[PDB]
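One structure is given here, and the rest of the page talks about it.
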């Protein structure tokens with residue numbers, strides 16, 4: 001029964017790891033959308049036809 | 001002399017109409033650059049279009 005009662009620390013530690021990884025996934029979705037926006041921005045700036053101000 | 005004056009006026013008109021052909025500070029017909037290249041694909045491939053000086 002002591003070995004069985006020990007497991008609550010395992011459970012709440014796994015929940016804390018779940019919450020940490022969920023925060024990381026939210027930040028990762030944000031950085032992924034930001035990286036795609038820089039994809040489009042550097043692509044729009046890559047061409048030589050632009051004048052200096054738009055560049 | 002009158003025909004020469006008309007001819008020189010037409011020549012200056014051609015020079016002005018050619019010099020003024022700009023769009024957003026860049027021109028393909030004035031001879032200011034050898035060619036213009038516009039984007040053609042997401043990897044950066046361009047659409048080359050050679051300049052033609054008029």
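Cβ atoms come from the backbone with ideal geometry, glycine included; neighbour counts cover every protein chain shown. Readers should treat all values here as calculations from the given coordinates under stated rules, not as data from a laboratory.
Matching residues to (1) in contact (Cβ under 8 Å) with a residue 40 or more places away in the chain; (2) assigned to a loop (DSSP other than H, G, I, E, B); (3) surrounded by 10 or more Cβ atoms within 10 Å (Cβ to Cβ):
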| position | (1), (2), (3) |
| --- | --- |
| A:10 | no, no, no |
| A:36 | no, no, yes |
| A:39 | no, no, yes |
| A:51 | no, yes, no |
| A:54 | no, yes, yes |
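Please find, among B:10, B:36, the residue that is within 14 Å of chain A (Cβ to nearest Cβ) and either assigned to a loop (DSSP other than H, G, I, E, B) or on the phi < 0 side of the Ramachandran plot (or both).
B:36 is the lone residue from the list that is within 14 Å of chain A (Cβ to nearest Cβ) and either assigned to a loop (DSSP other than H, G, I, E, B) or on the phi < 0 side of the Ramachandran plot (or both).
Among the residues of the range B:36-54, which ones are more than 30 Å from residue A:37 (Cβ to Cβ) and free of Cβ contacts under 8 Å to residues at least 24 places away in the same chain?
Within the range B:36-54, B:50, B:51 qualify.
Which is within 12 Å of another protein chain (Cβ to nearest Cβ) and farther than 27 Å from residue B:26 by Cα, of A:36, A:17?
Sole residue among the options that is within 12 Å of another protein chain (Cβ to nearest Cβ) and farther than 27 Å from residue B:26 by Cα: A:36.
So which of B:29, B:17 ends up being on the phi < 0 side of the Ramachandran plot, assigned to a loop (DSSP other than H, G, I, E, B) and under 11 Å from the mean Cα position of the chain (by Cα)?
Details: B:17 fails: assigned to a loop (DSSP other than H, G, I, E, B).
The unique qualifying residue is B:29.
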